[PDB]
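Asks: Residue numbers (PDB author numbering), protein chains in the order written: chain A, 2 to 81; chain B, 68 to 104; chain C, 2 to 74; chain D, 63 to 227; chain E, 53 to 196; chain F, 589 to 734; chain G, 12 to 751. Below is one structure. I have some questions about it.
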Amino acid sequence: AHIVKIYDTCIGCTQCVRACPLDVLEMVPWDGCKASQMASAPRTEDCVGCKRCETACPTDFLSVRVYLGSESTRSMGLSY
Amino acid sequence: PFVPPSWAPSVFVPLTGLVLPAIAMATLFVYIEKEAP
Amino acid sequence: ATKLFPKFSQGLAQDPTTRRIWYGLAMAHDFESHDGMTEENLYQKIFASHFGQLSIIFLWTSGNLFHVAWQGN
Amino acid sequence: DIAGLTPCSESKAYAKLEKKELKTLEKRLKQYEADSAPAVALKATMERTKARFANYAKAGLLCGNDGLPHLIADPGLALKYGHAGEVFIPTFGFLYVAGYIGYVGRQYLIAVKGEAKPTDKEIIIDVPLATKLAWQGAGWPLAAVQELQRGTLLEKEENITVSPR
Amino acid sequence: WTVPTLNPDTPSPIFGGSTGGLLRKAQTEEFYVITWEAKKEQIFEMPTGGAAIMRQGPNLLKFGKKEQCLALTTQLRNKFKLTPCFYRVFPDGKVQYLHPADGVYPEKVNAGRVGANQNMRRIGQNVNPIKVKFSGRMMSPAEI
Amino acid sequence: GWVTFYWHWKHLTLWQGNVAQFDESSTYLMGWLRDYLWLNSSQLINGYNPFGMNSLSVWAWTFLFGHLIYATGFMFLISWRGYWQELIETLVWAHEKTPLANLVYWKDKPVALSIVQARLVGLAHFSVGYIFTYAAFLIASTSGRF
Amino acid sequence: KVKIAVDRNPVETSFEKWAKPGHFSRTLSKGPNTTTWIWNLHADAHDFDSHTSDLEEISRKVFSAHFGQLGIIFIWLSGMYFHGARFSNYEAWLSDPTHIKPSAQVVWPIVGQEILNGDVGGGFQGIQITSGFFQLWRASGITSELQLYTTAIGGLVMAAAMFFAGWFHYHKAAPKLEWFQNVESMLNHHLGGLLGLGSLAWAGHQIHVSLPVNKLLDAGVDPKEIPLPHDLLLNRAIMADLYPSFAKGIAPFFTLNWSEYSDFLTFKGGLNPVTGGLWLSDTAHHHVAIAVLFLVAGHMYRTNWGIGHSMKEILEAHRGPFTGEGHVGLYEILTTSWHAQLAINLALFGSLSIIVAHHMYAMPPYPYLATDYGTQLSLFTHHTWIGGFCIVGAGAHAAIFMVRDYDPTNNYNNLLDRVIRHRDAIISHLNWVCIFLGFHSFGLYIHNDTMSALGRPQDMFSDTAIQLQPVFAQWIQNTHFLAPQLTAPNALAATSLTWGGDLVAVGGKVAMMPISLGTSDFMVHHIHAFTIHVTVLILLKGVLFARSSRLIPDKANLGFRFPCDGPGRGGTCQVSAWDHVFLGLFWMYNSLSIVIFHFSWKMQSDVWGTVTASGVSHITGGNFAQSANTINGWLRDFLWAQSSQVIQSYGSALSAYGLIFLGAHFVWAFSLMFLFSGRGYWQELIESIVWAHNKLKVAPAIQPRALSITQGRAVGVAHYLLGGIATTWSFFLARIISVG
Ligand code: CLA
Ligand code: CLA
Ligand code: CLA
Ligand code: CLA
Ligand code: CLA
Ligand code: CLA
Ligand code: CLA
Ligand SMILES: CC1=C(/C=C/C(C)=C/C=C/C(C)=C/C=C\C=C(C)\C=C\C=C(C)\C=C\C2=C(C)C[C@@H](O)CC2(C)C)C(C)(C)CCC1
Ligand code: SF4
Ligand code: SF4
Ligand code: SF4
């Protein structure tokens, strides 16, 4: 499975969650940013590694980071 | 002195390059397809 | 299920695609990445691998000498 | 003289090459009437060929066994043996023109940088300013030394971005 | 809100079939089933290729992977303002509800959700790989 | 390639006894293409022809063998995974939909080579053809001429 | 109601936008912040669909852009006619066409380039041209540089008119969408007016000018003493002397006594023995028939009266039991989508350009065109390349429609929908067909190469060893050859000498002779089948999977031109339909490169050659049959042997071809840098270079950026095709001009 991590730099834009095409991320209540919300990655087992979340992340540097890891039928996005 | 017979190539070349490859490929393919207990 | 090859990377051994065969062959000499690798075991594996390389080189030279002495002029 | 080369003026291969070149042009000049425009053109090329072989020899160029002029690039050999118009002088001529272009372009970028939209002045050229800098670029070498001595040519490392390391 | 139960005998949108449908994986590993309610019969695009007519009220479709189900989920929500839900179904009869996990779409912050894979540091505060060397396996300074 | 071309051409001319050819033809690239590559390739490409073959046949066959591998590398180097992955998926459908063929199945799910893998496989094919082509040309040109 | 509908003064004519780069785009009008903006500006300049979602505005931009193209083409033609009147040897070539080489480009004497002014003949020095203009002008009956100069002035007057029309129909009276959506009216005018009237008018020029002038030229009359075209147009007695039937006037036409005009309207076939070209009387009766046929065709669609057909009705009527709804929805797709029209038009227009190359070479329509091998090879290769490019473009715009104009609500259970529903069956079956062709086509060459290298020639596929004769093509050739006596009784001769019969020789050179087809021909025809099938596979796959695939289900949202979907799913590089066009270009280049090489070798080996006493000596001595069955044979007897002309051109007039030959090998290798690399490496290298510019305070405000992934691919393919095609171009022209 690919390793997805969220960093304190997260601003709670929710853009990564909206960009994810496999529902690997969600917004959880937080107190570190003004938006009072931070991105979480509770379903990384369904992550394929498209890195759309990173493309949607506007922080410098990225608050969401994807590290390609062990490959599975879900990770390879195989319908067979 | 350490000289193989004339038939050596007529036998060694067939075995090495055809027979041995087949044997090697067979065992190798089996191991890869085998799954951990 | 988990295949036996490669034994040095459970990750690859749990890959259900043909990529497992290619990566198992491609990452066999990267000892530092092998599962449960320690610095001492890393050195001992390399030491044995170096004896293996030397064995191959001397057989290559013996093979060369033999074919010239047996089929050349 | 140098490197065992020989003056083109005394090379036999240099002379044979000039004859070979003029004989090709002459073999062609025949198929045409004397005043025909083709004939006039082949004659002007033959005159230009004769002048080149003569001008190159007069310039004191050295020729190899191939009978072709070779250029001396060592500043020491060129100055001591009369071969400085081959690489040395050309070097200072180019360096002046190339620095001219660079110093003017740098002066332009610096001037447009203090404007409202520098990017706009790079796609749409401020012609009047560009022409002014183009003319003031003749004294670039002295300006470049004066900037190097005031410490205004370079940027402070603290103001230049770099990767994490 | 409670975890929904998948009714497998739900009517499926009108569609003549295609060649981009389920494969042997659906019978050996797992398949995905999207379900939604339609207030009117509307033609829509099958993520597997082809046009299909959604039926009035309940609708059910089966896809080979989760991405195809979420792709259809995106079109129905963005274009028809519908609210679909999908599940992973195993070959032994087991059904697993997947989205929306808590009934609230992930982009909308919801209570109860506990953060996961979050690092109380910026990426530039990660350690050098030399520190995570000779661990149980190949790992990244980020994983620590 | 440049260093070995230089060495071979300078020695071929010295061995033949006319260093002037290199001295007058090496100063322009047309000279390299015609006086080194084109001229020294005749005997090699005639290793086998409609009139028969000679001891240089293996080198003529290898010379072309290297050109083939070199060009095969271009496919792994220019074409990328996405295109191939979608093609294989169609074949997986064809195998599972083909009667009798669907009876036999694969233990490893067929997938396109990875991005890094493709770069390596392409570079290997490119490098092998590069060496085989020059080795065939070098030995044939020197041996056939001397 | 079909009617003229326009908007008045729609767009103001000012230079305000000229000074605001990127004004047409909502994203680009903001101005540049990085270098990517410059590329984006040029790459998105003619993408009106992306500029605006208004079809009427897009249609008005397309119409005026076409007037701009027509004006460009007119200037190009005026230049060719002007260079023929002021910088050519046409008048001398008219007197001696079998020895004087056509030339219409003279170079200035500078930096020694005057060497390119070769001794073409006729007391002239210039670059030899291979466009075939001299033969076209002779066929048209032009005998003076005054006529070429007058046509040049006319073309510029026409170019000015085209540019005016473009400005007027966009800024003053812009046609409304309803006007453009009158497809029934457009087809009636283009078939009846443009095509039928154009053919009728041309028949007028040929009958009153081309036929008498060329008859006098072929009789040996000096071009100076030939009557001027008007003299023939205003005097019937002269035309009556040359053609007795002209003494009867147009009475026979209206009295249905057409047989009387048999002396100028003929069905001879074959070739004029004097010139080696088709009979102009045959070309005249042909264009007259074409004109009649197209005038009828232009009265088929309904307009403002009840008579005529409705394309929507015809389409909706053609439906069968195996195709669901059938052709329903197509009329709506082909009246609201320009990309759909461009896809079909590019496909047919390219296929046509390829058909022109084959027909013009086998049936040489111009006088003295057949024996001008440089022009013949250039024409065939040029039109073949134009066709191939247009065919690849057809694929791209079909995918653009599938991604941007396709709507499922209008395509349920129709042919389009049913095709997308069995795309995997189509691509998988085509995949196997491609693999079968590859092994059974190129595998045969490998077998022959190995058998020859192993000294086993009897085990090779050849006309002497194992034989693979193209029997079907041999039977068709025999049928077409014997056609004149049975299936085509009126025709005096067969359409072409390629089918068979006696050879026609002009100037001692073979104009055309029968072309034999053996094992080597059978093998190369199957390589063509393989290369075309594979190119179709890539283009078709790119179009059918443009909206979605099993790997990527929302490809349509990503768009037509996108680099990838990330390294996930194993790697999704080059999944966009645009990337399929990128790959298709390489295979189209591979296919056509093989097609033109086949033509050149076959023609130089079995057709072209000097005719001597008792025997024809071909340029390559008929070595195609025994040398084109192995790759080694191709590399040695074609590339290596015929490259001698280009490699030995230095010091002559063909020296330019040698320079271009090297320069083209360079551009091709330079493309590999872009094709094998990635922007990630270049961006970092630029970062260190930018550092040096920052250090010396010479860093630009517009941030330097590596080319986009898609731009990197586009730059690579462009330089690959430019370099590769230019290399063949230099090789072909140097070879043919020298041994022509
Ligand atoms: C006299 C004591 C001695 C000797 C002779 C050696 C010898 C060797 N040790 Mg070693 N070692 C020693 C003590 C010694 N060791 C001690 C005390 C320790 C503990 C600190 C170690 C720890 C150690 C380790 C950890 C390793 C070695 C290894 C090696 C081998 C190197 C393999 C190699 O590169 O090929 C031979 C190298 C040479 C012959 C050097 C010459 C190279 C030149 C540049 C070539 C020039 C040749 C000439 C110019 C042209 C030839 C032309 C023609 C003949 C072809 C080598 C045979 C390696 C090994 O195990 O390999 C299996 C390795 O991993 N040793
Ligand atoms: C950049 C590389 C380069 C190289 C490889 C050379 C190489 C050479 N230079 Mg030189 N030179 C260079 C740059 C270079 N130069 C530059 C940039 C200048 C501008 C000042 C000069 C100015 C120069 C002069 C004035 C002379 C040479 C000379 C020479 C030749 C002998 C010089 C020597 O002894 O050692 C090599 C020299 C250098 C590595 C650096 C500069 C040359 C030194 C400073 C000159 C000392 C020469 C000395 C008198 C030895 C020659 C004795 C006698 C024959 C005069 C020699 C082949 C001498 C010569 O042969 O003239 C006929 C000579 O007198 N050069
Ligand atoms: C002096 C006459 C004139 C003036 C002042 C304008 C002014 C304007 N036109 Mg316009 N137009 C004109 C003549 C004129 N036009 C003519 C004769 C035509 C018929 C072709 C058109 C067709 C036309 C269209 C279809 C459109 C405009 C548009 C516009 C507006 C913005 C676009 C623009 O001009 O930017 C400047 C653009 C350029 C300078 C590009 C020049 C294009 C030339 C023809 C290409 C030449 C290429 C060359 C032949 C080959 C290059 C090869 C290479 C190797 C060098 C603008 C106010 C656009 C608009 O309405 O705004 C959205 C619009 O879409 N015009
Ligand atoms: C006899 C009627 C007629 C004729 C001859 C043409 C001819 C042409 N049309 Mg067309 N068209 C017509 C009727 C006609 N049309 C009608 C009734 C409609 C409305 C349904 C259209 C709508 C239409 C569109 C939308 C387009 C064309 C286009 C074209 C050009 C395509 C380029 C080509 O292949 O030819 C080769 C070019 C030549 C042979 C040059 C000669 C052209 C001269 C000017 C002939 C005159 C044509 C013109 C219609 C005559 C009236 C001019 C008058 C108003 C001053 C072509 C010249 C395309 C275009 O953009 O052209 C700019 C295009 O996009 N037409
Ligand atoms: C576009 C095709 C075309 C054109 C333009 C012509 C034109 C011509 N043909 Mg022709 N022809 C053609 C096709 C064509 N042909 C074809 C396809 C065939 C094969 C069947 C023939 C076979 C043929 C034959 C056998 C003959 C001609 C002849 C002629 C000429 C005489 C026509 C005639 O007798 O009266 C035709 C009637 C008219 C043209 C009507 C004229 C109306 C005028 C121009 C209108 C003026 C109005 C204006 C307001 C006046 C004011 C002026 C102003 C200053 C105030 C004529 C120039 C004859 C010839 O060669 O003469 C020597 C002849 O013998 N043709
Ligand atoms: C009637 C023919 C025709 C027409 C009207 C169009 C029209 C269009 N095409 Mg298209 N195309 C065609 C044929 C045609 N095409 C063919 C035959 C091919 C196959 C190669 C393509 C392949 C193609 C692709 C892949 C794409 C388009 C795109 C487009 C759209 C935007 C064009 C653009 O990007 O602007 C800008 C145009 C340029 C910047 C020109 C680039 C310069 C050229 C390519 C260099 C060629 C070499 C040149 C001759 C070298 C000169 C010498 C040199 C030393 C200077 C546009 C509506 C784009 C699109 O649809 O957007 C999504 C797109 O991606 N076309
Ligand atoms: C010389 C280089 C080369 C070669 C050989 C090929 C070959 C092939 N390409 Mg390809 N391609 C290339 C370059 C090349 N390409 C480049 C540079 C690009 C970038 C544009 C592409 C892009 C490309 C695309 C996009 C596609 C292909 C496809 C194909 C396959 C078409 C189907 C087929 O013919 O199967 C038959 C196989 C052959 C004809 C190869 C012949 C090999 C010989 C005859 C067999 C000998 C076997 C031997 C005896 C085995 C024993 C060896 C021993 C050691 C045991 C084919 C194998 C298509 C595909 O995937 O297949 C449908 C496809 O879509 N290519
Ligand atoms: C002022 C100017 C600019 C230049 C800016 C800067 C900082 C340029 C940097 C220059 C630096 C750091 C040079 C550092 C070392 C240079 C060295 C050691 C010089 C080497 C030259 C040698 C050895 C001479 C070789 C020869 C001579 C005598 C001349 C010829 O005969 C040829 C040859 C090789 C024999 C800007 C902004 C690019 C814009 C523009 C105008
Ligand atoms: S890489 Fe793709 S699947 Fe994974 S979390 Fe990011 S957007 Fe989601
Ligand atoms: S895109 Fe980045 S900043 Fe925005 S919610 Fe996701 S991780 Fe946080
Ligand atoms: S290598 Fe380039 S094209 Fe391929 S997935 Fe990565 S970024 Fe996309």
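Cβ coordinates follow ideal geometry from the N, Cα and C atoms, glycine included.
1. Determine whether the beta carbon atoms of G:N601 and G:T542 lie at a separation below 8 Å.
2. Check each residue of the segment 506 to 531 of chain G: if its Cβ is closer than 8 Å to any Cβ of chain F, include it; give the result in chain order.
3. Quick check: is the beta carbon of F:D611 nearer than 8 Å to any beta carbon in chain D?
4. With a threshold of 16 other CB atoms inside 10 Å of the CB of G:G404, please say whether the residue is buried or exposed.
5. Any contact between the segment 632 to 646 of chain F and the segment 389 to 406 of chain G? By contact I mean 3 or more CB pairs, one from each, below 8 Å.
6. Does C:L5 come within less than 8 Å of chain B when only Cβ atoms are used?
7. From which residue to which residue does the alpha helix (DSSP H) around G:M684 run?
8. Does the beta carbon of A:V67 fall short of 7 Å from some heavy atom of ligand 9?
9. Looking at the secondary structure, which residues open and close the beta strand (DSSP E) in which E:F83 lies?
10. If the cut is a Cβ gap below 7 Å, which residues of chain A does E:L124 touch?
11. DSSP three-state label for G:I438, please.
12. With a threshold of 8 Å between beta-carbons, can A:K6 be considered close to chain G, or not?
13. Quick one: which chain G residues come within Cβ less than 8 Å of A:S80?
14. Starting from the N-terminal side, write out each stretch of the beta strand (DSSP E) that is 3 residues or longer and does not extend beyond the segment 230 to 308 of chain G.
15. On the criterion of 16 or more Cβ atoms from any shown chain inside 10 Å, does A:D47 qualify as buried, or is it exposed?
16. With a cut-off of 8 Å, does the C-beta of B:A89 fall near any C-beta of chain C?
17. Looking at chain F, is there any beta carbon in it that lies within less than 8 Å of the beta carbon of G:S452?
18. Out of A:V18, A:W31 and A:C17, state which residue places its alpha-carbon closest to the alpha-carbon of A:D9.
19. Under 9 Å between beta-carbons, which chain A residues line up against C:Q72? List them in chain order, please.
20. In chain order, what residues of the same chain have a beta carbon less than 7 Å from the beta carbon of G:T162, not counting five sequence neighbours either side?
21. Identify each residue in the segment 426 to 448 of chain G for which the Cβ-Cβ distance to at least one residue of chain F is less than 7 Å, and report them in chain order.
22. Quick check on G:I713: does DSSP put it in helix, strand or coil?
23. Applying a beta-carbon distance threshold of less than 7 Å, which residues of chain H neighbour G:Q136?
24. For G:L514 versus G:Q485, is the C-beta distance shorter than 8 Å?
25. Would DSSP call residue 802 of chain G helix, strand or coil?
26. Taking 8 Å as the threshold, find out whether the segment 70 to 84 of chain B comes into contact with the segment 20 to 39 of chain A through three or more Cβ pairs.
27. Relative to ligand 10, what is the chain-ordered list of residues with a Cβ closer than 6 Å to any of its non-hydrogen atoms?
Replies: The answer reads as follows:
1. For this step, residue 601 of chain G is matched to residue 590 along the seventh sequence. For this step, residue 542 of chain G is matched to residue 531 along the seventh sequence. Taking 8 Å as the Cβ cut-off, G:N601 and G:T542 qualify as a contacting pair.
2. Of all residues in the segment 506 to 531 of chain G, none places a beta-carbon less than 8 Å from a beta-carbon of chain F.
3. Reading the sixth sequence from its first residue, position 23 is the one you call residue 611 of chain F. At least one chain D Cβ lies under 8 Å of F:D611.
4. Walking along the seventh sequence from the start, residue 404 of chain G turns up at place 393. G:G404 should be labelled buried.
5. Remark: fewer than three beta-carbon pairs, one from each stretch, lie closer than 8 Å, so the segment 632 to 646 of chain F and the segment 389 to 406 of chain G are not flagged as touching.
6. As a position in the third sequence, residue 5 of chain C is number 4, starting the count at 1. Yes - at least one Cβ of chain B is within 8 Å of the one on C:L5.
7. Counted from its first residue, the seventh sequence places residue 684 of chain G at position 673. Element bounds for G:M684: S666 to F687.
8. As a working note, residue 67 of chain A is residue 66 in the first sequence. Checking the Cβ of A:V67 against ligand 9 gives yes.
9. Residue numbering aside, residue 83 of chain E sits at position 31 when the fifth sequence is read from its first letter. Note, E:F83: beta strand (DSSP E), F83 to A90.
10. Start at 1 with the first residue of the fifth sequence, and residue 124 of chain E comes out as number 72. Within chain A, no C-beta atom comes less than 7 Å from the C-beta of E:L124; the nearest is roughly 11 Å away.
11. As a position in the seventh sequence, residue 438 of chain G is number 427, starting the count at 1. Helix at G:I438.
12. Counted from its first residue, the first sequence places residue 6 of chain A at position 5. No Cβ of chain G is located within less than 8 Å of the beta carbon of A:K6.
13. The residue given as residue 80 of chain A occupies position 79 in the first sequence. Scanning chain G for C-beta atoms nearer than 8 Å to the C-beta of A:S80 yields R561, reported in chain order.
14. As far as the segment 230 to 308 of chain G is concerned, it has no whole beta strand (DSSP E) run of at least 3 residues.
15. The sequence position of residue 47 of chain A within the first sequence is 46, counting from 1. Per the 10 Å Cβ criterion, buried.
16. Within the second sequence, residue 89 of chain B is the residue found at index 22, counting from 1. The beta carbon of B:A89 sits no closer than 8 Å to any beta carbon of chain C.
17. Taking the first residue of the seventh sequence as position 1, residue 452 of chain G is located at position 441. Using a CB distance cut-off of 8 Å, G:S452 does not count as an interface residue toward chain F.
18. Numbered from 1 along the first sequence, position 8 holds the residue referred to as residue 9 of chain A. Looking only at A:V18, A:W31 and A:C17, the smallest Cα-Cα distance to A:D9 is reached by A:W31.
19. Counted from its first residue, the third sequence places residue 72 of chain C at position 71. Per Cβ cutoff of 9 Å: no residues; C:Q72 is ~49 Å from chain A at best.
20. Numbered from its first residue, the seventh sequence carries residue 162 of chain G at position 151. So the qualifying residues of the chain are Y92.
21. Answer set for the segment 426 to 448 of chain G: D435, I438, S439 and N442.
22. Working through the seventh sequence from its first residue, we reach residue 713 of chain G at position 702. Looking at G:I713 - three-state DSSP - the assignment turns out to be coil, as it is neither helix nor strand.
23. Absent from the structure: chain H. Protein chains present are A, B, C, D, E, F and G.
24. Counting from one through the seventh sequence, the residue named residue 514 of chain G turns up at place 503. Counting from one through the seventh sequence, the residue named residue 485 of chain G turns up at place 474. For G:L514 and G:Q485, no; Cβs fall outside 8 Å.
25. Nothing can be reported for residue 802 of chain G, as the shown portion of chain G is limited to 12 through 751.
26. Per the Cβ contact rule, the segment 70 to 84 of chain B is not in contact with the segment 20 to 39 of chain A (fewer than 3 Cβ pairs under 8 Å).
27. Counting only residues whose CB is nearer than 6 Å to a non-hydrogen atom of ligand 10, the list in chain order is A:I7, A:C11, A:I12, A:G13, A:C14, A:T15, A:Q16, A:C17, A:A40, A:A57, A:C58, A:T60, A:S64 and A:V65.
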